[PDB]
Amino acid sequence: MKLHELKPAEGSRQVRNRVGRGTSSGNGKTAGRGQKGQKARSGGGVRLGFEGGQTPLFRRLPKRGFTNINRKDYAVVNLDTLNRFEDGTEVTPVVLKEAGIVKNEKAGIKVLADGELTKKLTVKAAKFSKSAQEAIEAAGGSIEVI
Amino acid sequence: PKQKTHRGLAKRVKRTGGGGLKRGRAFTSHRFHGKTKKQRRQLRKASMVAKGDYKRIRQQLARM
Amino acid sequence: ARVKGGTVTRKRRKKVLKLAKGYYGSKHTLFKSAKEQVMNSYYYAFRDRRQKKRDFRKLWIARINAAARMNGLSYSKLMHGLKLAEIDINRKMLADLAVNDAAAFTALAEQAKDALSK
Amino acid sequence: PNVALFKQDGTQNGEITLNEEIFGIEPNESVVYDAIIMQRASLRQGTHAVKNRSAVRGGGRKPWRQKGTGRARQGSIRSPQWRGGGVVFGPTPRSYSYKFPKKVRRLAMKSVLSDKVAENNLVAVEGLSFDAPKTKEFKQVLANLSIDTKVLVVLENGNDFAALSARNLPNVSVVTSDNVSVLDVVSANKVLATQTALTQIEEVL
RNA sequence: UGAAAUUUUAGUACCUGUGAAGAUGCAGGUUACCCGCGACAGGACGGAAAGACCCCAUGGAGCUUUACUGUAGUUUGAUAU
RNA sequence: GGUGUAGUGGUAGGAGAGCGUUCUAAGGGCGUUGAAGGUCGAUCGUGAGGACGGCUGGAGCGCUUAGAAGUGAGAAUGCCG
RNA sequence: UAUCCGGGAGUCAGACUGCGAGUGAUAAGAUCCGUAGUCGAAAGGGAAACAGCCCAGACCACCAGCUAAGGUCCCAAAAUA
RNA sequence: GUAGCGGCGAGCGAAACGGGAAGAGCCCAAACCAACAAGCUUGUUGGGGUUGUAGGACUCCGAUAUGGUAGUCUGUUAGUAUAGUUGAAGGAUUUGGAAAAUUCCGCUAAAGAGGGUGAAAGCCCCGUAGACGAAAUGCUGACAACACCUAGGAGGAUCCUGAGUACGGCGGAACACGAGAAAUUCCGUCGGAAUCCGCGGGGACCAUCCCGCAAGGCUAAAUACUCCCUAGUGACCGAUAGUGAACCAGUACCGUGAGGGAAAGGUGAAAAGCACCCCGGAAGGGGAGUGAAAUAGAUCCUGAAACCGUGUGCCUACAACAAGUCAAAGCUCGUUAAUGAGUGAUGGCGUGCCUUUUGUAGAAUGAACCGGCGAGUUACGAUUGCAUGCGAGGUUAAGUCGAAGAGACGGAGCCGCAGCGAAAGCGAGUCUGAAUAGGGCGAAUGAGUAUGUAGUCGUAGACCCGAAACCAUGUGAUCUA
Ligand SMILES: [K+]
Ligand SMILES: [K+]
Ligand SMILES: [K+]
Ligand SMILES: [K+]
Ligand SMILES: [K+]
Ligand SMILES: [K+]
Ligand SMILES: [K+]
Ligand SMILES: [K+]
Ligand SMILES: [K+]
Ligand SMILES: [K+]
Ligand SMILES: [K+]
Ligand SMILES: [K+]
Ligand SMILES: [K+]
Ligand SMILES: [K+]
Ligand SMILES: [K+]
Ligand SMILES: [K+]
Ligand SMILES: [K+]
Ligand SMILES: [K+]
Ligand SMILES: [K+]
Ligand SMILES: [K+]
Ligand SMILES: [K+]
Ligand SMILES: [K+]
Ligand SMILES: [K+]
Ligand SMILES: [K+]
Ligand SMILES: [K+]
Ligand SMILES: [K+]
Ligand SMILES: [K+]
Ligand SMILES: [K+]
Ligand SMILES: [K+]
Ligand SMILES: [K+]
Ligand SMILES: [K+]
Ligand SMILES: [Mg+2]
Ligand SMILES: [Mg+2]
Ligand SMILES: [Mg+2]
Ligand SMILES: [Mg+2]
Ligand SMILES: [Mg+2]
Ligand SMILES: [Mg+2]
Ligand SMILES: [Mg+2]
Ligand SMILES: [Mg+2]
Ligand SMILES: [Mg+2]
Ligand SMILES: [Mg+2]
Ligand SMILES: [Mg+2]
Ligand SMILES: [Mg+2]
Ligand SMILES: [Mg+2]
Ligand SMILES: [Mg+2]
Ligand SMILES: [Mg+2]
Ligand SMILES: [Mg+2]
Ligand SMILES: [Mg+2]
Ligand SMILES: [Mg+2]
Ligand SMILES: [Mg+2]
Ligand SMILES: [Mg+2]
Ligand SMILES: [Mg+2]
Ligand SMILES: [Mg+2]
Ligand SMILES: [Mg+2]
Ligand SMILES: [Mg+2]
Ligand SMILES: [Mg+2]
Ligand SMILES: [Mg+2]
Ligand SMILES: [Mg+2]
Ligand SMILES: [Mg+2]
Ligand SMILES: [Mg+2]
Ligand SMILES: [Mg+2]
Ligand SMILES: [Mg+2]
Ligand SMILES: [Mg+2]
Ligand SMILES: [Mg+2]
Ligand SMILES: [Mg+2]
Ligand SMILES: [Mg+2]
Ligand SMILES: [Mg+2]
Ligand SMILES: [Mg+2]
Ligand SMILES: [Mg+2]
Ligand SMILES: [Mg+2]
Ligand SMILES: [Mg+2]
Ligand SMILES: [Mg+2]
Ligand SMILES: [Mg+2]
Ligand SMILES: [Mg+2]
Ligand SMILES: [Mg+2]
Ligand SMILES: [Mg+2]
Ligand SMILES: [Mg+2]
Ligand SMILES: [Mg+2]
Ligand SMILES: [Mg+2]
Ligand SMILES: [Mg+2]
């Protein structure tokens, strides 16, 4: 491109709308705020979720549950992703992290049976679903709980 | 600053897979003698935040 | 990046004032009075571009009526006769004939009366 | 692609081959534009401020009582509508610089270089050697290469005599092969690069 | 010698009517040559003061008390000296 | 681009497309043979608005593309003169 | 044209007329609903003037024509039909 | 914006891990030893010793080294700050009052940053690139000197290892944590330990396990800020702006005082600032001069509008006028040459602008007029549209290098690719349930993410102006009681 012939991509940039700049622009005078009221005042408006005094929805609804301090979440992996590897390959949490499939392993890798596996593999992971273990082993592979 | 979450809502609702919010039911605290067993049974079940209510409050749970 | 008032303000107001030349005193001298008057002038101008058509049709009708009376006819009877005789000459041309070509208008009136008789 | 290689005297040697991945791509105009705008914004210093009614000097007391005087009610002599009052909003110090995705940056650089090559505005020279810095000699070098428009002279690191001898020419912009930017390439109408500089560029990209 | 309040621009009539329901300005009619000077105060809902009466604001302030919640003081006990 | 048919009052308000102001970049220009500014004119466009002459003036300023805003006033018993 | 999904609103003082009711006194330019229209946010013609009634919805130019409500002796266009 | 805290409201809101900037560790008290002094201990002095894989004393052995320092107006030396020196290259022609402008040929450049010069200068001047420079006095760094720290091994019989302390009750306070189930830290008051088989902590508490060793002290760097000084920068202001203050400004002025607080820049290139003459007492003018220009004459660049006045082309003394517009005779004049311009007898129609209202010509509100100034912005987040890049992936943050740039590195972290459940947990399913039942939420039925931009929202004064008031320092009894 040439500095004297620049052209942005169509629709990439828009013109800011300025209010209170004459009537014919469509936002003159009231600047789109309407006529009087609380919402027409500078800094006006009510806090989010406010209902003008009617009991708000969250107040109506009860609190529920608790958070387990020892909660454990696992980074999930499916058989379709495992298909990306070659037969005889040793699948490991390190292997997954290097491949970029699992950037954050959380409490560990758990393998699920969402897809159809087609390659023989020795898979090492924190956990395996029962269906996932069966699929891996039926494909001639093996599973080891790291 | 970071937009803050409404902690009361965070305690009362759950984000579902499809983006909706799961909520408990009202009238499930006491005075059960005033409600038929059908009412109690059908209030035991959870429900979803209605469209109007969600459109009012979604910004308070953006980062829930 | 300050944008001081500049000259656009003076230019715009001067356009309004020039539009207001000939008005009475402050109505041509002062921008606010001039603008308020120029707006009313626009209102009157738009309204009068329609009223002007009405005025001239009214004038032509009156002149045609006088000429028809002199030829022994009312305006209404003349126009009815002309419609019967298929004459499409409009009121502007008819009024012009009445004032300028009296003989032509009389000939038109004769045909109108003949159509009425038939 | 391939570009004629020239000796400092101006006689052309055999062509040389440039990496297609760097000089052989189809330029992406929109990406180039984004890079230009981003770099130009980054150059801004953004030091500009005004005093609002809180910052203006004085202006504490109420000018006159709320009622009775017959004048318009006022709160401070420094309110924005007052002559000498604070400014409503207005400039405040801030940064205009942002960052594009690395991939977009790389694409922009490749696009400008590829565009130069395609137009044949890329002049590669075997080497630029000056026993001592002399702008007259470098100007003669440009004449030998038949370059008269705006030129970006890309030198390998350490070619201080070439850099010095060229810099003062009005139409010449000197940059080291390690430090070359989309804005520099786009500004220059022609790009005069030494062969070592091109090698180092290909390594960098 | 030389101000001021006021002031949308005014070539600034009367009657009856109309109209945000009390018109110099609108309708119909009537009256009236142009410009002033000295006087009067019916009107311009005349000027002056974002009505103090009245109502409203989840306004303010001072005051009262067996309003609510505190509290300085006063007093009583334990404990240390 | 042509034809045809239909449509084009409008407050709050939504959408779209533009005019003009200052500044930045690039390109391409104009200026003591007179820039900006001021003033007059019977000029052009659908609109905001744009030219071109005469006079005044005496040194800076347009145009095209893109960018950024202290970007447009007639009203606030607004402030200053 | 309807839905459904999403971005952005404004609105929560309504007025009158006709028709159907209540309240009122089978009063109010009263009040409160239902229903249709108009005004609100609608210029034009008629009703003397006259937001809400009658006719009728202005993108523009014309010194062209036909009609609506309402009119045709003069003001004042058109029948002393 | 998680875990949490919270009239579980409004809101408040961590820390550890991980990634970086910077990095440094050391002294006492005590045991014990020697001396001193008084009154076998008990104070002073010196030695000794300094800690958790427990250390130390003490007792045995062996080494009298090895290294370090956060010391010193100790020099020697270098550099640097505070003046400076040097520093290339143009003449003509046209316009002009003046050349840097125009035109023609040149020249210089490690210097084409910038400023000034009679208009716009690479080559006229000050400069710049570059080179060079310090008697004197600071500052820094090195070198040296002086100085101060700096021991290994083996044993435990015994001794030492911080007391009105830790801790507890009561009452407060700090920890994101508002007494709460409430640890941890601190204050006041009262009570009040153990001491190596000892003690503290791991969010009440206990046991086990792990980690540590309080009640003594010191410690550079990364970090915060800029009244000042030096050198610069700016899609920052350009005289109602920018500091209140471009000017003799915290001045004038106001107030008892605290305190409040202005206005006010521009002749010309050069004063060459109008000799002399004329009217006038002067002021002020008219000539005559200076000047390119004096309608640049000091109220001095330009010189708008309101406002005031002179001259006149047309009209106006029977007319009821929101002052116009439409139609039009007459008169006058001739332009961006256009089916022109000014004025206008006369005729038709016609109750301003704004705000606020169901409705305003309104006898409802606002504006005396003119000019200037004067109101949805920015930062950080949320969300949607549009755009670009990549795509089951997307992307870096801090930080390092770099021109205050781009860019490179930096994958810690964030979003997405799996959901369901309060949770254990299970998983293309899962939860409820006795259930292979039904049903809910999901999958089948996949697009996301980084950035730009625009709309809207949240936190911030959040579009602008406006209270009566509240609170915390001060100043006032020169009036008055
Ligand atoms: K809006
Ligand atoms: K719930
Ligand atoms: K209940
Ligand atoms: K009224
Ligand atoms: K009177
Ligand atoms: K009071
Ligand atoms: K002109
Ligand atoms: K603004
Ligand atoms: K005003
Ligand atoms: K919608
Ligand atoms: K009705
Ligand atoms: K947060
Ligand atoms: K609350
Ligand atoms: K020692
Ligand atoms: K000179
Ligand atoms: K110069
Ligand atoms: K020295
Ligand atoms: K506690
Ligand atoms: K612990
Ligand atoms: K520990
Ligand atoms: K002058
Ligand atoms: K005159
Ligand atoms: K008239
Ligand atoms: K009033
Ligand atoms: K089931
Ligand atoms: K199911
Ligand atoms: K995308
Ligand atoms: K976006
Ligand atoms: K604000
Ligand atoms: K806002
Ligand atoms: K006294
Ligand atoms: Mg923008
Ligand atoms: Mg609108
Ligand atoms: Mg307005
Ligand atoms: Mg308003
Ligand atoms: Mg309202
Ligand atoms: Mg509203
Ligand atoms: Mg209530
Ligand atoms: Mg229960
Ligand atoms: Mg019931
Ligand atoms: Mg202005
Ligand atoms: Mg018609
Ligand atoms: Mg203040
Ligand atoms: Mg007044
Ligand atoms: Mg200011
Ligand atoms: Mg009436
Ligand atoms: Mg009346
Ligand atoms: Mg009138
Ligand atoms: Mg009046
Ligand atoms: Mg009054
Ligand atoms: Mg009032
Ligand atoms: Mg229409
Ligand atoms: Mg300018
Ligand atoms: Mg502005
Ligand atoms: Mg004004
Ligand atoms: Mg009523
Ligand atoms: Mg309304
Ligand atoms: Mg109407
Ligand atoms: Mg109206
Ligand atoms: Mg007809
Ligand atoms: Mg007639
Ligand atoms: Mg008859
Ligand atoms: Mg020199
Ligand atoms: Mg020259
Ligand atoms: Mg606390
Ligand atoms: Mg205690
Ligand atoms: Mg404890
Ligand atoms: Mg340990
Ligand atoms: Mg430190
Ligand atoms: Mg100032
Ligand atoms: Mg000025
Ligand atoms: Mg000031
Ligand atoms: Mg002059
Ligand atoms: Mg002047
Ligand atoms: Mg008469
Ligand atoms: Mg007369
Ligand atoms: Mg009212
Ligand atoms: Mg007024
Ligand atoms: Mg005193
Ligand atoms: Mg005294």
# chains A, B, ... in the order shown; residues from 1 in each chain; ligands from 1
$ closest_atom_pairs --of "chain D" --to "chain E" --cutoff "12 Å" --atoms "only C-alpha atoms (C1' of nucleotides)" --output "tab-separated table"
residue	atom	partner	partner_atom	distance
D:66	CA	E:50	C1'	10.3
D:67	CA	E:50	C1'	8.3
D:68	CA	E:49	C1'	6.0
D:69	CA	E:49	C1'	8.2
D:70	CA	E:49	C1'	7.2
D:71	CA	E:50	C1'	10.3
D:72	CA	E:50	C1'	9.3
D:73	CA	E:50	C1'	9.6
$ interface_residues --of "chain H" --to "chain B" --cutoff "6 Å" --atoms "only C-alpha atoms (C1' of nucleotides)" --output "list in words"
residues 1, 380, 381 and 459 of chain H
$ residues_near_ligand --ligand "ligand 22" --cutoff "12 Å" --atoms "only C-alpha atoms (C1' of nucleotides) and all ligand atoms" --output "PDB file with N, CA and C atoms (P, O5', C5', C4', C3', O3' and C1' of nucleotides), in the first residue's frame"
ATOM      1  N   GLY C  25     -35.919  46.736   9.618  1.00  0.00           N
ATOM      2  CA  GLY C  25     -35.076  47.010  10.766  1.00  0.00           C
ATOM      3  C   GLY C  25     -34.371  45.773  11.270  1.00  0.00           C
TER       4      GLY C  25
ATOM      5  P     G H 309     -28.010  58.000  15.105  1.00  0.00           P
ATOM      6  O5'   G H 309     -27.081  58.564  13.946  1.00  0.00           O
ATOM      7  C5'   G H 309     -26.489  59.841  14.093  1.00  0.00           C
ATOM      8  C4'   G H 309     -25.370  60.081  13.114  1.00  0.00           C
ATOM      9  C3'   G H 309     -25.777  60.349  11.684  1.00  0.00           C
ATOM     10  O3'   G H 309     -26.285  61.654  11.504  1.00  0.00           O
ATOM     11  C1'   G H 309     -23.895  58.927  11.732  1.00  0.00           C
ATOM     12  P     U H 310     -27.249  61.988  10.268  1.00  0.00           P
ATOM     13  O5'   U H 310     -26.248  62.143   9.044  1.00  0.00           O
ATOM     14  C5'   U H 310     -25.263  63.160   9.045  1.00  0.00           C
ATOM     15  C4'   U H 310     -24.367  63.058   7.841  1.00  0.00           C
ATOM     16  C3'   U H 310     -25.067  62.897   6.504  1.00  0.00           C
ATOM     17  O3'   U H 310     -25.541  64.123   5.986  1.00  0.00           O
ATOM     18  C1'   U H 310     -23.346  61.317   6.656  1.00  0.00           C
ATOM     19  P     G H 311     -26.873  64.163   5.094  1.00  0.00           P
ATOM     20  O5'   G H 311     -26.439  63.447   3.746  1.00  0.00           O
ATOM     21  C5'   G H 311     -25.534  64.075   2.853  1.00  0.00           C
ATOM     22  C4'   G H 311     -25.288  63.222   1.639  1.00  0.00           C
ATOM     23  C3'   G H 311     -26.543  62.735   0.941  1.00  0.00           C
ATOM     24  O3'   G H 311     -27.037  63.700   0.034  1.00  0.00           O
ATOM     25  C1'   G H 311     -25.033  60.931   1.237  1.00  0.00           C
ATOM     26  P     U H 312     -28.607  63.807  -0.273  1.00  0.00           P
ATOM     27  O5'   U H 312     -28.905  62.567  -1.217  1.00  0.00           O
ATOM     28  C5'   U H 312     -28.141  62.358  -2.395  1.00  0.00           C
ATOM     29  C4'   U H 312     -28.342  60.967  -2.930  1.00  0.00           C
ATOM     30  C3'   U H 312     -29.766  60.666  -3.388  1.00  0.00           C
ATOM     31  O3'   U H 312     -29.730  59.794  -4.510  1.00  0.00           O
ATOM     32  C1'   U H 312     -29.166  59.148  -1.710  1.00  0.00           C
ATOM     33  P     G H 313     -30.647  60.093  -5.790  1.00  0.00           P
ATOM     34  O5'   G H 313     -30.455  58.804  -6.698  1.00  0.00           O
ATOM     35  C5'   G H 313     -31.350  58.531  -7.759  1.00  0.00           C
ATOM     36  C4'   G H 313     -31.882  57.125  -7.678  1.00  0.00           C
ATOM     37  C3'   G H 313     -33.293  56.981  -7.142  1.00  0.00           C
ATOM     38  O3'   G H 313     -34.265  57.227  -8.138  1.00  0.00           O
ATOM     39  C1'   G H 313     -31.891  55.433  -6.059  1.00  0.00           C
ATOM     40  P     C H 314     -35.616  58.015  -7.780  1.00  0.00           P
ATOM     41  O5'   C H 314     -36.532  56.902  -7.122  1.00  0.00           O
ATOM     42  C5'   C H 314     -36.887  55.744  -7.855  1.00  0.00           C
ATOM     43  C4'   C H 314     -37.527  54.715  -6.969  1.00  0.00           C
ATOM     44  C3'   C H 314     -38.635  55.221  -6.066  1.00  0.00           C
ATOM     45  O3'   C H 314     -39.877  55.320  -6.735  1.00  0.00           O
ATOM     46  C1'   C H 314     -37.138  53.936  -4.798  1.00  0.00           C
TER      47        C H 314
END
$ residues_around --residues "stretch 97-106 of chain D" --least-positions-apart "6" --cutoff "12 Å" --atoms "only C-alpha atoms (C1' of nucleotides)" --output "PyMOL selection string"
(chain D and resi 21-22+25+27-46+112-113+180-183+204-205) or (chain H and resi 388-390+394-396+404-408+449-452)
$ closest_residue --among "C:111, C:28, C:39, C:54" --to "chain G" --atoms "only C-alpha atoms (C1' of nucleotides)"
C:54
$ residues_around --residues "residue D:89" --least-positions-apart "2" --cutoff "8 Å" --atoms "only C-alpha atoms (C1' of nucleotides)" --output "count of residues only"
6
$ closest_residue --among "D:175, D:49, D:118, D:4" --to "residue H:234" --atoms "only C-alpha atoms (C1' of nucleotides)"
D:49
$ residues_near_ligand --ligand "ligand 11" --cutoff "9 Å" --atoms "only C-alpha atoms (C1' of nucleotides) and all ligand atoms" --output "MDAnalysis selection string"
chainID G and resid 16:19 34:36
$ residues_around --residues "residue D:189" --least-positions-apart "2" --cutoff "12 Å" --atoms "only C-alpha atoms (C1' of nucleotides)" --output "ChimeraX atom specification"
/A:1-4 /D:112-113,115-117,119-123,147-153,171-173,183-187,191-192 /F:26-27
